[PDB]
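In what follows, a single structure is set out as structure tokens and then discussed.
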Amino acid sequence: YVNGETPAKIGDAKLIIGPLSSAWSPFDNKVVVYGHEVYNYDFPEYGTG
Amino acid sequence: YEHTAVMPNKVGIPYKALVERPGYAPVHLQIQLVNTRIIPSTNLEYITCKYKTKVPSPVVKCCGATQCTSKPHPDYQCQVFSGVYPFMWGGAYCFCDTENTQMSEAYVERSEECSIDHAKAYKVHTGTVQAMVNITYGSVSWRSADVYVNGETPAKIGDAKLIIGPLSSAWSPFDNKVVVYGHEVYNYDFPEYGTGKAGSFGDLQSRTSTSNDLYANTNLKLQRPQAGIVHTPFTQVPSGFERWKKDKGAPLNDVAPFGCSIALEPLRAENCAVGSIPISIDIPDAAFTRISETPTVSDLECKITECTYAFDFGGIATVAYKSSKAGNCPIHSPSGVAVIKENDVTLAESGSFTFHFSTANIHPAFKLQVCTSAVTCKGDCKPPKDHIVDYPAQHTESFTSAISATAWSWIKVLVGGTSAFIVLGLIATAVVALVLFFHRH
Amino acid sequence: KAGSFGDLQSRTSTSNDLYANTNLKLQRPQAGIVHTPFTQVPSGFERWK
Amino acid sequence: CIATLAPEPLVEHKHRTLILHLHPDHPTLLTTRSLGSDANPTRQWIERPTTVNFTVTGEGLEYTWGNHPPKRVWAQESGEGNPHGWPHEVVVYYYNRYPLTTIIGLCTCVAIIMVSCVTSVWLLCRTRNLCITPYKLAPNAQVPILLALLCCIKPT
Ligand SMILES: *[C@@H]1O[C@H](CO)[C@@H](O)[C@H](O)[C@H]1NC(C)=O
Ligand SMILES: *[C@@H]1O[C@H](CO)[C@@H](O)[C@H](O)[C@H]1NC(C)=O
């Protein structure tokens with residue numbers, strides 16, 4: 001786990017990896033999953049469509 | 001018919017309004033909030049509970065040296081203590097005096113009580129805001145239906161469409177990381193998984209209540225058995241769950257600002273009166289009545305009988321109401337310095353009706369809208385005698401609610417005194433300048 | 001007062017007036033049990049003592 | 001499990017103050033918080049008969065005594081003094097209602113009125129000097145008698 005505090009026991013070595021310098025994520029606040037595709041859709045709120 | 005407004009987030013205090021539609025008599029609208037739930041979106045990180053040091057039976061090797069084998073177990077410790085001459089009731093468990101070995105193994109497990117008591121570590125970021133609303137309009141009675149406060153989700157309350165929200169303030173009592181224990185919630189910056197120290201909190205961390213990883217750092221150290229005794233001594237740091245339990249200061253149920261009441265299925269903060277809520281109701285056209293079929297009230301004259309700026313309805317007023325025809329008719333005070341208790345009045349051809357109201361002003365000067373026409377009510381109010389009451393205030397102060405006529409006259413006389421003195425000085429300077437100029441030229 | 005001193009005051013040792021202010025509140029009996037639970041402020045005489 | 005229910009506090013009300021007399025049988029937890037923006041939470045273990053004097057505002061207070069349900073109180077504007085009457089009475093009323101926007105108010109309506117007073121007085125002294133200095137500088141003149149009065153001037 002890339003958080004910079006959680007050890008991982010790899011063989012006989014302890015790795016404390018992370019955290020990522022950049023908090024960038026491709027996903028926006030609202031996404032729509034269809035099959036295997038993901039879209040950054042500002043979908044209408046429930047009851048608004 | 002659409003009607004937009006903004007109401008405070010206070011629970012139990014009705015927002016009243018008079019929906020006026022061109023060509024129809026006004027309809028009285030009453031929107032009240034039974035509760036408002038700030039329901040965060042949580043994500044369980046791990047569960048901590050007491051540990052149980054499972055100590056399997058030691059392996060005693062009579063004339064041999066049996067050796068350690070690391071097992072994939074939480075805090076597994078195996079030690080090979082040598083030169084043991086165990087005695088037990090038959091007496092002489094192994095022959096060889098000194099070349100005897102005992103393998104002592106110990107490992108920490110989740111306690112039996114983890115399924116009943118445990119601390120759940122959660123990361124909350126932001127969820128929905130839900131509320132139950134009571135609305136009445138005209139003769140339609142109370143409806144009491146549940147809504148989402150997002151400003152976009154209609155709620156069909158009876159026959160009216162309510163689009164409530166969003167809350168003006170995005171404040172939520174919960175921080176990023178919280179700990180749920182029983183019915184209490186704490187804002188604890190809990191250690192991440194696999195980081196927990198030996199005895200403070202999260203010394204035993206399990207992702208779920210039925211997980212098998214069960215990270216556990218309790219400083220297990222097997223000790224050398226006592227001469228002649230077959231047993232498995234060990235030393236361990238006492239559980240950090242219990243240390244937390246008697247060192248946890250204060251839940252969020254008590255500290256929480258604004259009077260949030262924290263409930264736990266789901267985790268939410270309820271009835272905390274912060275900010276304001278836009279509203280947009282759509283009253284049906286069946287409620288409205290044509291303006292011709294409704295009484296006309298004239299010659300309105302309002303007298304305030306005894307009044308006091310208490311938190312409850314500490315004001316009584318009477319209006320003489322010489323009318324045209326008889327029937328029910330709404331009453332409302334839009335100024336916001338008085339809150340009227342009753343919604344409608346029954347009117348005969350002429351007479352007087354009495355209405356109660358609550359106010360914070362020493363001098364409540366408020367306009368009362370009866371039916372269509374309006375009457376201005378003014379009067380004087382006395383302090384309430386009761387110091388501490390058991391109900392919230394039904395009104396709002398406005399930074400002018402206490403000034404009163406005498407103190408107004410004083411700020412007047414003071415401000416006017418300075419102003420007049422300075423203006424007399426400037427006029428004196430102008431007069432001297434003019435008199436000198438006319439002397440010279 | 002209720003629990004400081006003189007919470008129970010009698011003019012004589014054999015009097016019948018017996019002013020007594022000790023905040024006696026009865027509590028609801030437990031489910032299914034015939035008893036008379038009550039709550040009271042502890043005696044101000046012993047607090048004085 | 002059945003848990004003890006502590007004896008009810010005796011509640012007395014003073015202006016913006018809740019006086020609770022607490023008589024525990026066993027060590028009992030007392031917790032308070034104000035219902036405004038700042039909780040000001042207080043947590044206490046009461047083991048002995050004690051009187052506690054929480055400050056209740058108009059925003060509210062909520063106190064839990066032992067296993068009793070939490071109880072919420074609000075303070076009304078019931079302070080002392082006579083608005084509509086003599087100036088000292090007005091001051092004491094607004095000091096009970098608003099302790100630290102009357103001190104500020106008086107102090108900044110008194111420093112301000114003093115500052116205005118001294119500037120206007122200085123300006124009036126200057127205009128007087130200017131009015132009289134010419135006539136002073138003429139030992140002989142007929143004096144614009146109305147001006148001889150309106151400033152202090154010792155005419156011919
Ligand atoms: C408000 O709704 C509640 C249920 O949420 C209901 O019990 C109550 O009757 C309604 N208000 C009034 C004044 O009846
Ligand atoms: C609380 O107030 C009462 C009466 O004003 C007084 O007797 C008592 O000493 C006060 N206690 C504290 C802790 O302020």
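In the structure tokens, the first chain shown is A, the next is B, and so on; residue numbers restart at 1 for each chain, and ligands run from 1 in the order shown.
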
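Using only C-alpha atoms, the protein and nucleic acid residues lying no more than 9 Å from residue 40 of chain C, apart from those fewer than 2 places from it along its own chain, are residues 22, 23, 24, 25, 26, 38, 42 and 43 of chain C; 7 and 8 of chain D.
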
Mind dumping the selected residues with N, CA, C and O atoms as a PDB file, in the first residue's frame?
```pdb
ATOM      1  N   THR C  22     -35.962  16.514  50.997  1.00  0.00           N
ATOM      2  CA  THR C  22     -34.868  15.669  50.539  1.00  0.00           C
ATOM      3  C   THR C  22     -35.070  15.171  49.125  1.00  0.00           C
ATOM      4  O   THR C  22     -34.482  14.158  48.751  1.00  0.00           O
ATOM      5  N   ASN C  23     -35.876  15.854  48.334  1.00  0.00           N
ATOM      6  CA  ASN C  23     -35.886  15.691  46.895  1.00  0.00           C
ATOM      7  C   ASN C  23     -36.283  14.269  46.527  1.00  0.00           C
ATOM      8  O   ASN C  23     -35.779  13.685  45.570  1.00  0.00           O
ATOM      9  N   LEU C  24     -37.195  13.716  47.298  1.00  0.00           N
ATOM     10  CA  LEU C  24     -37.699  12.386  47.035  1.00  0.00           C
ATOM     11  C   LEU C  24     -38.411  12.357  45.704  1.00  0.00           C
ATOM     12  O   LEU C  24     -39.395  13.072  45.506  1.00  0.00           O
ATOM     13  N   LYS C  25     -37.893  11.569  44.781  1.00  0.00           N
ATOM     14  CA  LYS C  25     -38.538  11.316  43.511  1.00  0.00           C
ATOM     15  C   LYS C  25     -38.698   9.821  43.356  1.00  0.00           C
ATOM     16  O   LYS C  25     -37.731   9.072  43.502  1.00  0.00           O
ATOM     17  N   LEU C  26     -39.917   9.391  43.087  1.00  0.00           N
ATOM     18  CA  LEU C  26     -40.173   8.003  42.779  1.00  0.00           C
ATOM     19  C   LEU C  26     -39.793   7.727  41.341  1.00  0.00           C
ATOM     20  O   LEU C  26     -39.955   8.586  40.473  1.00  0.00           O
ATOM     21  N   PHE C  38     -37.118   4.461  44.350  1.00  0.00           N
ATOM     22  CA  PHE C  38     -37.142   5.884  44.625  1.00  0.00           C
ATOM     23  C   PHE C  38     -35.723   6.410  44.607  1.00  0.00           C
ATOM     24  O   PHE C  38     -34.760   5.656  44.719  1.00  0.00           O
ATOM     25  N   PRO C  42     -28.717  12.036  49.554  1.00  0.00           N
ATOM     26  CA  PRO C  42     -28.247  11.482  50.825  1.00  0.00           C
ATOM     27  C   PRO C  42     -28.303  12.484  51.961  1.00  0.00           C
ATOM     28  O   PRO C  42     -28.229  13.694  51.752  1.00  0.00           O
ATOM     29  N   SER C  43     -28.474  11.952  53.164  1.00  0.00           N
ATOM     30  CA  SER C  43     -28.778  12.751  54.338  1.00  0.00           C
ATOM     31  C   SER C  43     -27.733  13.815  54.575  1.00  0.00           C
ATOM     32  O   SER C  43     -26.533  13.542  54.556  1.00  0.00           O
TER      33      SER C  43
ATOM     34  N   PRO D   7     -29.013  10.846  41.756  1.00  0.00           N
ATOM     35  CA  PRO D   7     -30.040  11.774  42.212  1.00  0.00           C
ATOM     36  C   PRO D   7     -30.099  13.012  41.338  1.00  0.00           C
ATOM     37  O   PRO D   7     -29.077  13.526  40.885  1.00  0.00           O
ATOM     38  N   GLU D   8     -31.313  13.465  41.086  1.00  0.00           N
ATOM     39  CA  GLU D   8     -31.520  14.611  40.222  1.00  0.00           C
ATOM     40  C   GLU D   8     -30.842  15.848  40.804  1.00  0.00           C
ATOM     41  O   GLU D   8     -30.901  16.059  42.018  1.00  0.00           O
TER      42      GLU D   8
END
```

Original post:
Can you list, as a list in words, every protein, DNA or RNA residue that comes within 9 Å of residue 119 of chain D when you count only C-alpha atoms, leaving out same-chain residues fewer than 5 positions away?
Top reply: residues 422 and 425 of chain B; 114 and 124 of chain D

What are the nearest atom pairs, with distances in Å to one decimal, for all residues of chain D that come at most 8 Å from chain B, using only C-alpha atoms, set out by chain and rising residue number as a tab-separated table?
```
residue	atom	partner	partner_atom	distance
D:13	CA	B:387	CA	6.1
D:14	CA	B:387	CA	6.3
D:15	CA	B:387	CA	5.5
D:16	CA	B:387	CA	6.8
D:17	CA	B:388	CA	7.8
D:18	CA	B:388	CA	7.5
D:31	CA	B:254	CA	7.2
D:32	CA	B:254	CA	7.3
D:33	CA	B:255	CA	6.5
D:34	CA	B:257	CA	7.6
D:35	CA	B:258	CA	4.8
D:36	CA	B:258	CA	4.9
D:37	CA	B:257	CA	5.7
D:38	CA	B:257	CA	6.1
D:39	CA	B:257	CA	5.0
D:40	CA	B:255	CA	7.7
D:41	CA	B:255	CA	5.5
D:43	CA	B:250	CA	7.7
D:56	CA	B:388	CA	7.8
D:60	CA	B:392	CA	7.7
D:72	CA	B:390	CA	6.4
D:73	CA	B:390	CA	4.8
D:74	CA	B:389	CA	5.2
D:75	CA	B:388	CA	4.3
D:76	CA	B:387	CA	5.4
D:77	CA	B:383	CA	6.9
D:78	CA	B:384	CA	5.4
D:79	CA	B:383	CA	7.8
D:83	CA	B:404	CA	6.9
D:84	CA	B:406	CA	5.2
D:85	CA	B:406	CA	7.1
D:90	CA	B:407	CA	7.3
D:113	CA	B:418	CA	6.1
D:116	CA	B:418	CA	6.0
D:117	CA	B:418	CA	6.8
D:119	CA	B:422	CA	7.6
D:120	CA	B:422	CA	5.1
D:121	CA	B:425	CA	7.6
D:123	CA	B:425	CA	5.7
D:124	CA	B:425	CA	5.7
D:127	CA	B:429	CA	5.8
D:130	CA	B:432	CA	7.0
D:131	CA	B:432	CA	6.4
```

Convert the current residue selection to file output with N, CA and C atoms, as a compact mmCIF listing (two decimals), in the first residue's frame.
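Output file selection.txt is given in full below:
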```txt
# COMPACT_ATOMS: atom_id res chain seq x y z
N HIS D 13 -31.62 29.09 39.02
CA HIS D 13 -31.41 29.93 37.85
C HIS D 13 -31.02 31.31 38.32
N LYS D 14 -29.88 31.79 37.84
CA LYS D 14 -29.52 33.18 37.94
C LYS D 14 -29.42 33.70 36.53
N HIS D 15 -29.27 35.01 36.40
CA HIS D 15 -29.20 35.61 35.08
C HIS D 15 -28.03 35.02 34.33
N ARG D 16 -28.32 34.30 33.25
CA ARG D 16 -27.31 33.68 32.41
C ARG D 16 -26.44 32.72 33.21
N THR D 17 -27.02 32.07 34.21
CA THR D 17 -26.26 31.12 35.00
C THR D 17 -27.18 30.01 35.45
N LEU D 18 -26.66 28.79 35.39
CA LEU D 18 -27.35 27.60 35.84
C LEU D 18 -26.53 27.03 36.99
N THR D 31 -21.32 16.28 32.13
CA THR D 31 -20.80 16.82 30.89
C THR D 31 -21.71 17.93 30.42
N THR D 32 -21.11 19.01 29.97
CA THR D 32 -21.85 20.15 29.45
C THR D 32 -21.24 20.60 28.14
N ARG D 33 -22.09 21.13 27.28
CA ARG D 33 -21.61 21.82 26.10
C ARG D 33 -22.60 22.89 25.69
N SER D 34 -22.08 23.97 25.14
CA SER D 34 -22.91 25.05 24.64
C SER D 34 -23.30 24.76 23.21
N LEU D 35 -24.50 25.16 22.85
CA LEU D 35 -25.11 24.82 21.58
C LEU D 35 -24.79 25.80 20.48
N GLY D 36 -23.72 26.58 20.61
CA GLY D 36 -23.32 27.52 19.60
C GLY D 36 -22.12 27.04 18.82
N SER D 37 -21.43 27.99 18.20
CA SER D 37 -20.30 27.65 17.34
C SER D 37 -19.16 27.02 18.12
N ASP D 38 -18.87 27.54 19.31
CA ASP D 38 -17.86 26.97 20.17
C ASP D 38 -18.57 26.16 21.24
N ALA D 39 -18.27 24.87 21.30
CA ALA D 39 -18.94 24.01 22.26
C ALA D 39 -18.62 24.42 23.68
N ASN D 40 -17.37 24.76 23.94
CA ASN D 40 -16.88 24.94 25.30
C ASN D 40 -17.26 23.73 26.15
N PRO D 41 -16.88 22.53 25.76
CA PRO D 41 -17.32 21.36 26.51
C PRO D 41 -16.57 21.23 27.82
N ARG D 43 -16.10 18.36 31.03
CA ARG D 43 -16.31 17.00 31.50
C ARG D 43 -15.71 16.87 32.89
N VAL D 56 -24.97 29.79 30.99
CA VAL D 56 -25.92 29.57 29.91
C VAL D 56 -26.12 30.86 29.14
N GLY D 60 -27.71 28.47 24.03
CA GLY D 60 -28.13 27.28 24.74
C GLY D 60 -26.98 26.57 25.42
N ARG D 72 -31.44 20.21 27.94
CA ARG D 72 -31.04 21.43 27.25
C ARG D 72 -31.77 22.61 27.84
N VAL D 73 -31.03 23.68 28.08
CA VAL D 73 -31.56 24.91 28.65
C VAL D 73 -31.15 26.09 27.79
N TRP D 74 -31.93 27.15 27.85
CA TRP D 74 -31.63 28.41 27.18
C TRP D 74 -31.89 29.56 28.12
N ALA D 75 -31.06 30.59 28.04
CA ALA D 75 -31.14 31.75 28.91
C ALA D 75 -31.89 32.86 28.20
N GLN D 76 -32.86 33.45 28.88
CA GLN D 76 -33.63 34.52 28.30
C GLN D 76 -32.97 35.84 28.62
N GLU D 77 -33.49 36.90 28.02
CA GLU D 77 -32.95 38.24 28.18
C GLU D 77 -33.52 38.92 29.42
N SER D 78 -33.37 38.25 30.56
CA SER D 78 -34.05 38.63 31.79
C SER D 78 -33.17 39.43 32.72
N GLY D 79 -32.25 40.22 32.19
CA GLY D 79 -31.32 40.91 33.03
C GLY D 79 -31.97 42.07 33.73
N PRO D 83 -34.55 50.10 31.12
CA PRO D 83 -34.73 50.82 29.87
C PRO D 83 -36.02 51.59 30.00
N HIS D 84 -36.11 52.70 29.30
CA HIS D 84 -37.16 53.70 29.42
C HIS D 84 -36.99 54.60 30.63
N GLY D 85 -35.86 54.56 31.34
CA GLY D 85 -35.71 55.41 32.51
C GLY D 85 -34.34 56.04 32.62
N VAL D 90 -30.26 52.88 32.36
CA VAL D 90 -30.01 52.42 31.00
C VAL D 90 -28.63 51.78 30.89
N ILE D 113 -16.77 61.69 21.63
CA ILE D 113 -17.40 62.98 21.89
C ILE D 113 -16.37 63.95 22.45
N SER D 116 -14.31 65.24 19.40
CA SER D 116 -15.08 66.23 18.67
C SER D 116 -15.18 67.51 19.45
N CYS D 117 -15.39 67.41 20.76
CA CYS D 117 -15.51 68.60 21.58
C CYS D 117 -14.24 69.43 21.53
N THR D 119 -11.83 69.42 19.23
CA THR D 119 -11.58 70.02 17.93
C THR D 119 -12.52 71.18 17.69
N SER D 120 -13.79 71.04 18.04
CA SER D 120 -14.67 72.16 17.77
C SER D 120 -14.34 73.33 18.67
N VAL D 121 -13.92 73.08 19.90
CA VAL D 121 -13.54 74.17 20.78
C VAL D 121 -12.31 74.87 20.25
N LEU D 123 -11.35 75.05 17.14
CA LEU D 123 -11.78 75.82 16.00
C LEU D 123 -12.52 77.07 16.43
N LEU D 124 -13.24 77.00 17.55
CA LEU D 124 -13.96 78.18 17.99
C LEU D 124 -13.01 79.18 18.63
N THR D 127 -11.32 80.92 15.55
CA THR D 127 -12.18 81.95 14.97
C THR D 127 -12.30 83.14 15.89
N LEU D 130 -9.10 85.16 15.50
CA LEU D 130 -9.14 85.84 14.21
C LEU D 130 -10.14 86.98 14.22
N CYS D 131 -11.27 86.82 14.89
CA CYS D 131 -12.24 87.89 14.90
C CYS D 131 -11.72 89.10 15.65
```

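The smallest atom-to-atom distance between chain D and any of C:10, C:36, C:49, C:27, using only C-alpha atoms, is found for C:27.
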
**OP:** Please extract the residues at most 10 Å from ligand 1, counting only C-alpha atoms and all ligand atoms, and provide them as a ChimeraX atom specification, using the chain letters and residue numbers of this document.
**Re:** /B:12,14,31-35,132-136,141-146

Determine, using only C-alpha atoms and all ligand atoms, which residues of chain D have any atom at most 6 Å from an atom of ligand 2, and tabulate each with its shortest atom pair and distance in Å to one decimal place, rows ordered by chain and then rising number, as CSV.
```
residue,atom,partner,partner_atom_place_in_ligand_line,distance
D:51,CA,ligand 2,11 (N),5.8
D:52,CA,ligand 2,13 (C),5.3
D:53,CA,ligand 2,1 (C),4.9
```

I need the chosen residues saved as a compact mmCIF listing (two decimals), in the first residue's frame, with N, CA, C and O atoms.
```txt
# COMPACT_ATOMS: atom_id res chain seq x y z
N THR D 51 -21.57 22.20 44.06
CA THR D 51 -22.35 23.17 43.32
C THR D 51 -21.54 23.64 42.12
O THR D 51 -20.35 23.95 42.26
N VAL D 52 -22.16 23.63 40.94
CA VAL D 52 -21.50 24.00 39.70
C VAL D 52 -22.32 25.07 38.99
O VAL D 52 -23.56 25.01 39.01
N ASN D 53 -21.65 26.02 38.34
CA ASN D 53 -22.23 27.31 37.97
C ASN D 53 -22.05 27.62 36.48
O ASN D 53 -21.61 28.71 36.11
```

**OP:** Quick one: everything within 8 Å of residue 206 of chain B, counting only C-alpha atoms, minus sequence neighbours fewer than 2 positions away in the same chain. Send it as a count of residues only.
**Re:** 11

Please provide as a compact mmCIF listing (two decimals) with N, CA, C and O atoms, in the first residue's frame all residues within 9 Å of residue 41 of chain A, with the sequence filter that same-chain residues fewer than 5 positions apart are discarded (counting only C-alpha atoms).
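What follows is the written file selection-v8.txt:
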```
# COMPACT_ATOMS: atom_id res chain seq x y z
N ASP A 28 -13.06 12.32 -11.94
CA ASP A 28 -13.62 13.53 -11.39
C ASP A 28 -14.56 13.12 -10.27
O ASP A 28 -14.58 11.96 -9.85
N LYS A 30 -17.84 12.85 -10.10
CA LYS A 30 -18.92 12.00 -10.57
C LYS A 30 -18.48 11.22 -11.80
O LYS A 30 -18.01 11.83 -12.76
N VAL A 31 -18.62 9.90 -11.77
CA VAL A 31 -18.29 9.06 -12.92
C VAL A 31 -19.43 8.11 -13.21
O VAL A 31 -20.31 7.89 -12.37
N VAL A 32 -19.44 7.59 -14.43
CA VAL A 32 -20.45 6.65 -14.90
C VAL A 32 -19.74 5.44 -15.44
O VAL A 32 -18.87 5.57 -16.31
```

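Excluding residue 16 of chain A itself and same-chain residues fewer than 4 positions from it, the residues having an atom within 12 Å of it are residues 1, 2, 3, 4, 5, 6, 7, 8, 9 and 10 of chain A; 194 and 195 of chain B, counting only C-alpha atoms.
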
**OP:** Pick out the residues sitting within 9 Å of residue 71 of chain D, and hand them over as a VMD selection string; count only C-alpha atoms, and ignore anything fewer than 4 positions along from it in its own chain.
**Re:** (chain B and resid 390) or (chain D and resid 61 to 65)

Original post:
What is the atom CA of residue 10 of chain B to atom CA of residue 253 of chain B distance in Å?
Top reply: 18.7 Å

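Using only C-alpha atoms, the residues found no farther than 10 Å from residue 44 of chain A, other than those of its own chain fewer than 5 positions away, are residues 30 and 49 of chain A; 152 and 153 of chain B.
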